[PDB]
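One structure is given here, and the rest of the page talks about it.
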Amino acid sequence: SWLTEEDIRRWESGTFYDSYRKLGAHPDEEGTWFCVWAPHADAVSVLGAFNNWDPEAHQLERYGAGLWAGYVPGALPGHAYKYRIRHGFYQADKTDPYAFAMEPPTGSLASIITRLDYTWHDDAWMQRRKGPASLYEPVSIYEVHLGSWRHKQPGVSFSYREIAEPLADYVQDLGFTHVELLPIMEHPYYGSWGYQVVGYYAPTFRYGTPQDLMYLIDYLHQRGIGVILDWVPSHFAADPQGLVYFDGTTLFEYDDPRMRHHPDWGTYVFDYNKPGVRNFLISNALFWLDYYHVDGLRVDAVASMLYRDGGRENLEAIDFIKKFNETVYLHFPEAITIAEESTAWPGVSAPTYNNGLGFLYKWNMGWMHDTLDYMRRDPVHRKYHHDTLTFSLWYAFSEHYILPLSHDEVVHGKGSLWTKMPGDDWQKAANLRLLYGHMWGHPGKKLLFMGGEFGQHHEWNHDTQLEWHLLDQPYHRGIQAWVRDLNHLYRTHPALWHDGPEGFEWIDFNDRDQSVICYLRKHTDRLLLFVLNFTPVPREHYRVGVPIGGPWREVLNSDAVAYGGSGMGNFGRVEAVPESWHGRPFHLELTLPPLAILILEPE
Amino acid sequence: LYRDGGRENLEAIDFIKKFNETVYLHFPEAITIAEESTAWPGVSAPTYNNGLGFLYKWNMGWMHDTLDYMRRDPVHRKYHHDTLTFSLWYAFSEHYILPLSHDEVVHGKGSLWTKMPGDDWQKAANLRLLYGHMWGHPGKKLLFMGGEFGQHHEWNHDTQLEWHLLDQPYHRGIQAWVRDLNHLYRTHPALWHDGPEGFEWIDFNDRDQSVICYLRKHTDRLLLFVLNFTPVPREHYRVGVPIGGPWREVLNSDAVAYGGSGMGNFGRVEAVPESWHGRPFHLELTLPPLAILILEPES
Amino acid sequence: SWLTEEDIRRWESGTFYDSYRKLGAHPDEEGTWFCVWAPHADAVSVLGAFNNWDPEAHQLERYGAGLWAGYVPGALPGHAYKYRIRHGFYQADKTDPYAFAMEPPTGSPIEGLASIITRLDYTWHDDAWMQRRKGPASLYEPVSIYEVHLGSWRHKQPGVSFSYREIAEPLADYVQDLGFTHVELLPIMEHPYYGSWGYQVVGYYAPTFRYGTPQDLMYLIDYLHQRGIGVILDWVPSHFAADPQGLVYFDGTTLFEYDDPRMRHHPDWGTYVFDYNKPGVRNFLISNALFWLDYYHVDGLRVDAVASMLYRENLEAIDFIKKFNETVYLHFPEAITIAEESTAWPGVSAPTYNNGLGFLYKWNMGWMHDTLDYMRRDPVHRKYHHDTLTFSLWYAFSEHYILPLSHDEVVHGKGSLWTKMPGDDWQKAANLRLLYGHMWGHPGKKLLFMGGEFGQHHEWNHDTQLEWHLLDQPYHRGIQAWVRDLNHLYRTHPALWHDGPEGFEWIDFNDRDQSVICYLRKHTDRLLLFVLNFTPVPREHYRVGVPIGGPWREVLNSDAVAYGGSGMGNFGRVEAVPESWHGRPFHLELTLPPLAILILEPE
């Protein structure tokens, strides 16, 4: 026995979330054990150099629940293999779904017997990770495709170990708390960015071995940065050598023909009704959280799982999503789960016991759409569209949200964030500085995709690296400085940490003509005041009500020339005039620079 | 609000706000309620929060969904369980008044009674069940004329309500059920607070048997709601509870006084200290057909 | 060798429309030739009992155009075979796309279908039929199609269908008794899932094993021809079946499916659409159309879900469709092509040189939807939807249409045709006869699916035989008798043969309250008058204008007792009255029976 009679009983239930240890390829000192799930197969064999690639020499023997196991003496680490499964008349060669390492034979993929031995250097980090408590702390996420970020030479990506020290510094210099990694799991078409997955249990070869990635996380953890992984339980890759019709029949697929056709992915969706699929998917969740200590998982296209598009909603997926999150937090109390759901499915970020999906965070795609839609327009146009801006807060507390500017918004002709912004180059730079300033002020956590911080003109290209030649140009350097300052203010002031309705107060929302909004962020005693000038006309003697009187400080000036503005600043310690304005006992009479944001803190 | 620049009529939006501001200034204890079937936000919120300034909003979402679920035959209610349970994701967006009105009983939409499926006893049971849920659900209560007897025809203004129906048992019974429902509402402060603190889920996944349990609490006070939306009675049904000890059922929709089958829990229901639905103790109860059970711990 | 230089030249062009002459398995008395198209394969071999299923015994040789060929001595008819294709690291067993017969070696209900070496030799005796057969000219001849699922039609024993031979005599006898001109058979091409009804095809060149050998099917068609019945085949070029050894990823890469990742996503099928850009796909598909018309003497081909082909606009699909029809009628001038297109795509039934798709016929689904919708209503309410009935004539001449009642319309809870009609059993049968009466009177050819002719209660269940036991009851034998007499009228009276606008005249449409319709069907001197009462209330002294005066006879009355009706009618001769009505010189004063159609002829 490789497999306990109990382990099979757990498989029948779909309650083995440690299935990785039983399944896949496991080296011992004299050979390796192979274990594959192929219930509707008549025979399963492992073929490799260790047996001259002959099906007969090593054939796996079925145990309970369509689970095949066998030992091959002489099977060694670094060996390539493939499973040859026979479904009656026909035979086919397959990859190991639980392969912990895949390397292409061409060098342009074959499962490799691998050992995941690694000794960690992040003990200190894990003890301090916030998880659910992170809701009351700042999260500022830097989204990255490792291949696109930095290059050694054109068309040559950075390795896992190599990128760590350059990336960790850049992330630290800007004060981000976490990096969200576009899917690292093995995928054939690099142009997919990782979203069509073949090796759910294998990190991509292009950046190194499993150990190379483990260290990258080790380093990022030691340097105080969190790592969030993008996860694709919604669908599986099209290529046949992979998961498609694995046992010769539908396996990860829906057995029934009606359910299998689906929008976006057809016959490539996971059958969450099957217990084996749930084992496979939920085990992978912990596998990444366990063997690689990942801090978070971000689930994309949650709407595609929830709906089928009798009940239109897919309950199998809905309970799977709920039990996925339930398992994560029971096994890892400080893990972090994020969902992107482009529907108003309620309680995505809500606990399962309240009928929620159980994520900690939901991408605020409403905010993103509204915000981008508002600022795409001309400032003269903005006064008509001003309500779009202010009404963002009517939806800002429905869920635990992360305000998100993502890679997808910077592709497919939508234009770089820079490109979207209106006017001349100075006004465009101001508008992006205003955008990010307002985004850090808006309640909710923050995520920015690569290149937004230096305002790169080009749309994100995976075959290229971001335009660092722009870091030299002044406006781009100023936008980088502005983002770093906002993160520093975010890291320090607790008023921005509490994204609850308690944490936000409106000061003024009705300057519809000059497109100005004043609002407040409070936690307990501490206060921060936000004045946003969304039109290029500067305003002097503009009065803004305040709760508290006394000396007020200008904590940040979007137009401070250090960011590339006209340099127009109050440049003074403001004193609250005890004459009421905006229904407040006091008011500040301030100067609003063009397309600029002032953040004011009491002294 | 909408004429359909933008679609919004800001004239009207400022008029509505200045309307509410003026009323509450001159009459601080007046009440303004709005019916808005768009999802315009913060209708019940103060103007200084960018709201329209009404104190109350009719919960048209609750009614449409709730009515749609009640109309479906109980055999099918299995498949629309998410419709009933999901109403509470929206029950706290505004200060809400759950409303059943003349508009729902006109122009061929049918009497509330007519809206209910099944045989005659079942129509009264379903109609009694709905009102139980309307009172248990968070939010204030509004019911239009004739629904309290469960009158048969749509509201006809050129004529009188069907008062003769008050002699038949099923209809005098729904009137009795509403009377006691209002009495429970008036006396128990657990129902006065329509905020999220005032509501707790007990269990929502009995989707095959179409059973729903929720709690309405203010401080010490608790009220337990168990709803059987199928004509099958359920026996030895366990329902988690926060506190143990003696519990009594203060209301049973299926009581004979209302025209019901007469099953229920007569004797003291004592909590069993075994965890259920993630709760420390549990009650093993009998759920009557198409009935709502309201339970209070004993003091 | 096996492939001449001309054969490879045509295949590269996309012009090899007889490709079965060379592709697939071709037996010789000593051995069998094998030829399979797999351009992206590094190795391909034939496996069979004839070589101990050893892959290295017979590796086919790469010729040009990605074509592989090889000869195997000792491979004989009835031997089972499989292709073993190696795509770099991975190998897979695949079926022959050009298989001339497939069989489950297992005999099991769920089983792999294995390609079997087959000889297609057969001597035909359908001389008279094919020399007098008329395709495109059938536009001016009566076409009445009986749509059939061979397994579902009649059972020889419970759960056992009839052979191609065993069904031959019973089916021909039944169709002749009811007077249909053609039978349309749901796809007989080899399909894995019996529940697919044949629309998921694996062996396009192989008749399904369930009903016998190829020669059995050729015999069935031969027999039907001698009996004077035409055979229309359902053909599925829109999509192929998802089976792992089938056409999916044939050479290890995309072959029959679109190479591009994006234009693979398809709402109806996706991933399994044919890439009409490829000359090889065009070869495979267009040859198959000709293959059935040639080797199986088929009279017609009906393509379903054409809307799934035209849109993704797919110019390549449309040019495929156009070159399909052009090529068909080029090789078989008396063939028939029918299309069902669920969009209002114009000119389906139009010739290619007029910018049409080139089919001879289009299914009139507009007619089907409206009529059923109108008759689903109770006679009390039909008063308010009168335009739904009459307005069908605004659309009756846009194409050469076949009014269609199909299996699609009597399954998946849509209800049997009997079930669809309102009222008590007498009224449902009365209404069904009226619907059949109107469908035969309305312009266009006629199609009726099995079980509608007796008005079967239950929805069509493919696992069972039609409820023939219902033929004992009076209503059901009557509806069947009514259909027979309608078909007798159709075949003899040429007024119904011309579905052109010349062939139809309105007599009255404004009787909305009483829900009555009078329309006229004419060819030259010949006339047919139609009076329809869609309410169970009979109307007496109803005047109906007529073009010609004089004696009129009532040739058919749906309400005759022989059909299961009340027995009201206009006894024998009717004499036109020289007083004007409906803008006509004469009129007949008639008695209109309940829910009945009268068909009247001048004497």
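Nothing in this text is a laboratory measurement; each read-out follows from the coordinates by a stated rule. Cβ: placed from backbone, ideal geometry, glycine included. Neighbour counts: every protein chain shown.
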Task: Three-way shape label, the range C:423-480, alpha-carbon gyration tensor, a/c 1.5 - done: oblate
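Expressed as a rounded percentage, what relative contact order does the range C:20-135 have, with Cα pairs under 8 Å and six or more residues apart? Let's see the in-between values first.
On the way: 231 pairs, mean separation 30.0, N = 116.
That works out to 26 percent.
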Task: Amide H contacts under 5 Å for A:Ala237, placed H, 5+ residues apart - done: A:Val197
Task: Relative contact order (percent, whole number), the range C:146-279, Cα cutoff 8 Å, 6+ residue spacing - done: 21 percent
Task: Nonlocal amide H pairs with A:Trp506, under 5 Å, H built at 1.01 Å - done: A:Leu520
Task: Karplus 3J(HN,Hα) series, Hz, for the range A:280-287 with 6.51 cos²θ - 1.76 cosθ + 1.60 (x for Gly, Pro) - done: 3, 6, 6, 4, 5, 3, 5, 3
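Given axes a ≥ b ≥ c from the Cα gyration tensor, I'd like to know whether the range A:453-509 is rounded (a/c under 1.5), prolate (a/b larger than b/c) or oblate. Could you put the intermediate results ahead of the total?
Details: a/c = 2.72, a/b = 2.38, b/c = 1.14.
Judged from the Cα gyration tensor, the range A:453-509 comes out prolate (a/c at least 1.5, a/b above b/c).
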Task: Percent antiparallel among DSSP beta bridges (both partners in chain A, rounded to 5) - done: 70 percent
Open item on the list: At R0 = 41 Å, how high is the FRET efficiency between C:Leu330 and A:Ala49 if r is their beta carbon distance? Nearest 0.05 is fine.
Closed with: 0.15
Open item on the list: What distance in nm separates the two pseudo spin-label positions at A:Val537 and B:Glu270, each 7 Å out from Cα along the beta-carbon direction?
Closed with: 7.9 nm
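Going by average Cβ neighbours within 10 Å, how do the peptides B:25-35, C:131-141 rank, with the highest at the top? Intermediate values should be presented prior to the final figure.
On the way: B:25-35: 11.4, C:131-141: 14.6.
Those peptides, ordered most packed to least, come out C:131-141, B:25-35.
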- [ ] Would you please give the residues with an amide H less than 5 Å from that of C:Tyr401, counting only those at least 5 places away or on a separate chain, with H modeled from the backbone geometry?
- [x] C:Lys362, C:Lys445
TODO: Within the range A:580-601, find all residues whose amide N lies under 16 Å from a label point positioned 7 Å from the Cα of A:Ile548 along Cα-to-beta-carbon.
DONE: A:585-588, A:599-601
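For a Förster distance of 60 Å, can you work out the FRET efficiency between the beta-carbons of C:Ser108 and C:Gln131, rounded to the nearest 0.05? Can you show the working numbers first?
Working: r = 44 Å, r/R0 = 0.74.
Calculated value: 0.85.
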- [ ] Work out from phi, with θ = phi - 60° and the Karplus expression 6.51 cos²θ - 1.76 cosθ + 1.60, the ³J(HN,Hα) of each residue of the range C:373-388, listed in order in whole Hz, and give x for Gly and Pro.
- [x] 4, 5, 7, 4, 6, 6, x, 4, 8, 4, 2, 7, 10, 3, 5, 4
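Take every residue in peptide A:350-356, count the Cβ atoms of other chains within 10 Å of its Cβ, and give the average of those counts. Please list the in-between numbers first.
Working: counts 1, 1, 0, 6, 6, 8, 1.
The shielding value for this peptide is 3.
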Open item on the list: Give the average, rounded to an integer, of partner chain Cβ atoms located within 10 angstrom of each Cβ in A:236-246.
Closed with: 4
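So for the range C:214-308, averaging the separation of alpha carbon pairs under 8 Å that are six or more residues apart and normalising by length, what relative contact order in percent results?
Working: 101 pairs, mean separation 36.1, N = 95.
Once divided by the residue count of the range C:214-308, the mean separation gives 38 percent.
I'd like to compare B:232-239, C:162-169: which one has the highest average count of other Cβ atoms within 10 Å, and what's the full order after that?
Details: B:232-239: 15.8, C:162-169: 19.1.
Most protected by this proxy first, the peptides run C:162-169, B:232-239.
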Open item on the list: If R₀ is 51 angstrom, what is the calculated FRET efficiency for the pair C:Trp426 and B:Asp4, using the beta carbon separation as r and rounding to 0.05?
Closed with: 0.45
TODO: Return the distance in nm (one decimal) between the two label points of a simple spin-label model at C:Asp42 and A:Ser566, each offset 7 Å from Cα along Cα→Cβ.
DONE: 6.8 nm
Open item on the list: Run the reach check for B:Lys17 against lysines, Cα to Cα strictly under 22 Å, same-chain hits fewer than 8 apart removed. What comes back?
Closed with: A:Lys383, B:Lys57
- [ ] For the protein assembly as shown, just say rounded, prolate or oblate: build the C-alpha gyration tensor, square-root its eigenvalues into a ≥ b ≥ c, call rounded for a/c under 1.5, and beyond that prolate if a/b exceeds b/c, oblate if not.
- [x] oblate
Task: Label-point separation, A:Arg258 to B:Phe19 (7 Å along Cα→Cβ), nm - done: 4.8 nm
Task: Shielding by partners, peptide A:260-266 (average Cβ within 10 angstrom, other chains) - done: 4
